[PDB]
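>>> Once you've seen the sequence and the experimental structure below, I've got questions.
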Amino acid sequence: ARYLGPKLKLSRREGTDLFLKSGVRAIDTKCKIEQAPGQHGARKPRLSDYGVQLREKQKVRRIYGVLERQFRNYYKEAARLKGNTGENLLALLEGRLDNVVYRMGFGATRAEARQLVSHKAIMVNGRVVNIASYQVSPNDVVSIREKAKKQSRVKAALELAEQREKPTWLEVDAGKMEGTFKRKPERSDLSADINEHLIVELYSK
Amino acid sequence: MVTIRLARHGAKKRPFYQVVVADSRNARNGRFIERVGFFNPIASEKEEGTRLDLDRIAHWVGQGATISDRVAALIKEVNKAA
Amino acid sequence: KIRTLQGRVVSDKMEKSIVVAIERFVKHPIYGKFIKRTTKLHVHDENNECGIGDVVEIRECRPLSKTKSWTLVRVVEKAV
Amino acid sequence: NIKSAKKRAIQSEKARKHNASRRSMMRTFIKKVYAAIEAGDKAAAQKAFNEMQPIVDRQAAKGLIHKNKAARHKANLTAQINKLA
RNA sequence: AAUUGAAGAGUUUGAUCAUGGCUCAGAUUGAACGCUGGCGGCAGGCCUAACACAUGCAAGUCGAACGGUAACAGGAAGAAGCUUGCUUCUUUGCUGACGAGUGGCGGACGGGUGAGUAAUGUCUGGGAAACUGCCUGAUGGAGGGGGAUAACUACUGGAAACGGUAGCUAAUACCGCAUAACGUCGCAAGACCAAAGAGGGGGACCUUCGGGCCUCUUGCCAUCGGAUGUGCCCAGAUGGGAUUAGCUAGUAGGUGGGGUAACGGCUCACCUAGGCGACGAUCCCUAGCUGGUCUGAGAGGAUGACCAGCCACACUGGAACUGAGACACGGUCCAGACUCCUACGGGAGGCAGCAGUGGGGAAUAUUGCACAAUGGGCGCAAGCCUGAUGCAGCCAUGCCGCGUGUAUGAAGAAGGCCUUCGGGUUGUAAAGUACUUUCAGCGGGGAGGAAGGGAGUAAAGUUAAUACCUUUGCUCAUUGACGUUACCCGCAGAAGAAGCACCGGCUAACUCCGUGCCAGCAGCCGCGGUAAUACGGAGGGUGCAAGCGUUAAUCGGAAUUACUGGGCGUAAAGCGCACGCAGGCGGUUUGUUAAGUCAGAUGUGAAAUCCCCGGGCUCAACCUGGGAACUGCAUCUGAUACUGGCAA
């Protein structure tokens, strides 16, 4: 029900940093990125069309830490909502509670944020939410409880929040350790390199 | 006999009762002439918990319909407004 | 008013009764073609004024025999 | 079978007997009427009709003949005597 | 706001293009099987043998209808050990109550199953010739008598089941008599038709001093309405077969008699000789139908498990009786097959109610708890009953959610596998280090489903009455099966928690070793006869994940039945050619109609489900509010271009 394995291997099959070990240090430096996703990893794949579509879906799931039935349900919900299904799908992945806890700098990675969410260290709107996939509405206040406030992790995580780009659709404020999800993220406000038409076309075959 | 009575429709350990007008010898969740309101015994402490069409109820009691103890209790709860 | 139908007499020879074919003109559900379609009805008439080949209006009443739940109102267009 | 179905069995037998007797007397009076119409007798059949009328209305009221049937009888028989008289 | 909706590929050939079949990639399921398996929420769970059933429950209730006392607990009276003050025993239905019985009501509901039924069914829309317990409104009546019969007692038959005979008693049981309509018959005149009391309380009066009498509540009867439910009719629609073309004598219609609640060949007598049928009758095979479900871009195709509406069935075949309602699942009668008891004379039974067995099968669950809620029956109510229902148990059967940690960590450790022996890879993976405690485990706290019901008051109404009863407030104890509940807090420690398939192409993911046309694999193409990316193992990777594969089944892809949306010179496909009936289509102008067509309105298209916008469960699944939708049918109002009818 979640991955639990070598993370930088997943980041190495995709060829791109999936932010799976954000943590203390800088850019990887001990990953052997691009070089060998397994034993025959030095081989160029010469990847197919199914391979590029598949590999795009796997990039997105392995970023946000979602498995397939849950992702597939996000595609059905993004499909039925009015508008653009790629952009709706990223809006559904960005409203996840573990993601919003990661974006605010409360967790160093999304797995650490998922353990903060999971171990009842996070309230939304003054109610404790235990669930990684809670869908944070706009104009909500998500914060850390009094237990697990001033624990080392979150402090260190806010320390590495300043190294990243400070997302526009949040009120990050780390003094009180509370945040406000203000609006839904625009497609132009996130990541610029994921090709969601490939995963629309992957599920539409 | 036609009866204005409750009919259990929510999930397990979470009932939602719909007050209907049925021929009394039907099943509880079976055939009804018309539904006329509802009663959620939880709902939350928000706004309603219960709405209930008093004009149609007065119509059926004018016709000769009987009323169970809960529906009488709900009409005694929502008296005219509160 | 009353609901009535129009049709033509298809046969005659029965003892104060008649039988009338009705032509309903209905679209085919799959193919979208308007197709003629009959409905033969055993119709009552007191004193059997209408003969074969007529055109007669017809209304529904109580049962008068087996099938026979239809009775004429007006014989038109008898022309031989 | 072991219930209050035994009581309904014995009551329905008792009421079967009672109803069979009253139904049989009613039918014999009606046979008096249109068995007097079999011969061409006007006032004899009128006497029999006056003899059957209270019992057929009465068995209609008691609940074993369901009064429309009551009506039919007297209606049919009235027709017979004014077919005759 | 409520349709944002459509993918291909492999294989005919030396190669090609086309045709064309086969096959794969998706979604789904009441699933089964194999390997594996942590928790929870919500659902689902005999698809086969409508096979046979042990055992326990599944329909009772009312003494405020009645005679009554079998118990239980009191009361009165008597007698006794007598502690002259408490026990023991006895007569009394005197009382709260109540076994058995009569009687009223319910056992036609609820619950099960899908055998039969291809149209006496179902769906949609009309209709007329109807009945309707309980419930409601209105108008009135509710007077006066009689004979019985259970129970009971006494005999008595029978092994039992079950009876018989003779007496006794009651009623809201039964029967007359009176009374009689805006009721039935009748054109009228007229004729005729019913009933039942019980309970609470009481000032005065009368008491045969039991109670009359007054008042209230409730019940009875009659008629007309209403509501609900049911019966009947019509039209359209709802499988396959023409290698099934004729079927039908109560058959088709009429008149009259009978019958039903009601029309009707429903039935009978007579008369006519019809009726149905290629727009598919009749026969045969199959089948419960629908809202819906699955698939689909859609049109369609398949299906109709759960949930809900309708029908049918209740061991098998038939029949009626009682009743408002049945031709009756836990009723009666007969017959039959099976099983059982027997004293051999005869008797008894019916899980397709809920659990459960045996069998059958690839396959499907506990002989649980409670009536606390909702509903039902009875009752004035209290309450009693309820295997409906609420819940719990078992099962990864499905859907949904969460977990198996998190960060750091290069000596790129050891070991495995490969190696062009340089190294590469497993791999930040592990170990180390630093944190976190979800869920499981342990200990505390603790909502909500609980509204009612009971006991006292106070006021109002009624009344002769400050009683009784009804209604409304107030107060007082209370009413939870689930249930060591949901949820909250604290404890200890990463501590209890990852498999399954695949890796030649389709199709994401590669090498080594073993085997050598073998062993074996395979959905199709096809691999294997010595260096096999296809077999078996290992390392590595890929996909899914408490699941994963295989199998079965459906739709898709399949434009390979083409209505949307195909073809026919040579690929399959133009009758050998004509004439022509039924059928389909029909030049051109004007007028009328308005059937098709179009527009609007109204009634209906059950609720749930799908869709949209919201709301509640920490979220989700789930539940839910409002709308849209249900593409239809009927009626009315219009328009008249096109099609049809009619006239020229």
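Thanks, I have the structure now. Numbers count the residues shown, from 1 in each chain, chains lettered A, B, ... in the order given.
>>> How many residues are close by residue 24?
Using chain A. The number of residues packed near residue A:24 is 9, by other CB atoms under 10 Å in any protein chain shown. Heads up, the C-betas are built off the backbone N, CA and C, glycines and all.
>>> You answered for a different chain; I wanted chain D.
Residues contacting residue D:24 under the criterion other CB under 10 Å number 9.
>>> Go through the chain and flag its longest helix.
Just going to use chain A. In chain A, assigned by DSSP state H, the helix with the most residues is helix A:49-64.
>>> Oops, wrong one, chain B.
Max-length helix for chain B by DSSP H is helix B:54-63.
>>> What is the subsequent helix or strand relative to that one?
Once helix B:54-63 ends, the next helix or strand along the chain (criterion: DSSP states H and E) is strand B:66-67.
>>> Excluding residues flanking it in the chain, which one is nearest the most centrally placed residue in chain D?
Taking CA atoms, centre = their mean, the centroid of chain D lies closest to residue D:26, which sits 3.1 Å from it. Excluding the flanking residues, the one nearest residue D:26 by CB to CB, 6 or more residues apart in numbering or on different chains is residue D:59, at 5.2 Å.
>>> For RNA strand E, see how far away that neighbour is.
For residue D:59, the distance to RNA strand E (CB to the nearest atom of the strand, to the nearest Å) stands at 8 Å.
>>> who's the spatially most central residue of chain B bridged to?
With distances taken as CA atoms, centre = their mean, residue B:19 lies nearest the centre of chain B, 2.2 Å away. Residues in a beta bridge with residue B:19, per DSSP bridges, are residue B:6.
>>> show me the contacts for it.
B:4-7, B:35-39, B:52, B:71, B:74 (CB atoms under 8 Å, 6 or more residues apart in numbering or on different chains).
>>> Would you mind measuring from it to residue A:127?
Per CB to CB, to the nearest Å, residue B:19 is found 32 Å from residue A:127.
>>> got it, and residue C:11?
According to CB to CB, residue C:11 and residue A:127 sit 83 Å apart.
>>> quick one: which of those two has more around it?
Between residue C:11 and residue A:127, counted using other CB under 10 Å, the more crowded position is residue C:11 (12 against 6).
>>> Which strand residues bridge that one?
Residue C:11 has the following beta-bridge partners by DSSP bridges: residue C:19.
>>> Spell out for me which residue occupies the centre of chain A.
So for chain A, CA atoms, centre = their mean, it's residue A:64, sitting 3.3 Å from the centre.
>>> Need the nearest residue in space to that residue, chain neighbours excluded.
The spatial neighbour of residue A:64 that comes closest, neighbours along the chain excluded (CB to CB, 6+ apart), is residue A:93 at 5.0 Å.
>>> What strand or helix carries that neighbour?
Using DSSP H and E, residue A:93 sits in helix A:85-94.
>>> and that helix, C-alpha only, in PDB?
This file holds the C-alpha atoms of helix A:85-94, laid out as PDB (Å, rounded to 0.1, in the frame of the first residue of the first chain):
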ATOM      1  CA  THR A  85      -8.100  16.800 -17.400                       C
ATOM      2  CA  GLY A  86      -4.300  17.000 -17.100                       C
ATOM      3  CA  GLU A  87      -4.600  20.200 -15.100                       C
ATOM      4  CA  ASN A  88      -7.400  18.800 -13.000                       C
ATOM      5  CA  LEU A  89      -5.300  15.700 -12.300                       C
ATOM      6  CA  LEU A  90      -2.500  17.700 -11.000                       C
ATOM      7  CA  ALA A  91      -4.900  19.800  -9.000                       C
ATOM      8  CA  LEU A  92      -6.100  16.600  -7.400                       C
ATOM      9  CA  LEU A  93      -2.600  15.400  -6.700                       C
ATOM     10  CA  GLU A  94      -1.600  18.800  -5.200                       C
END
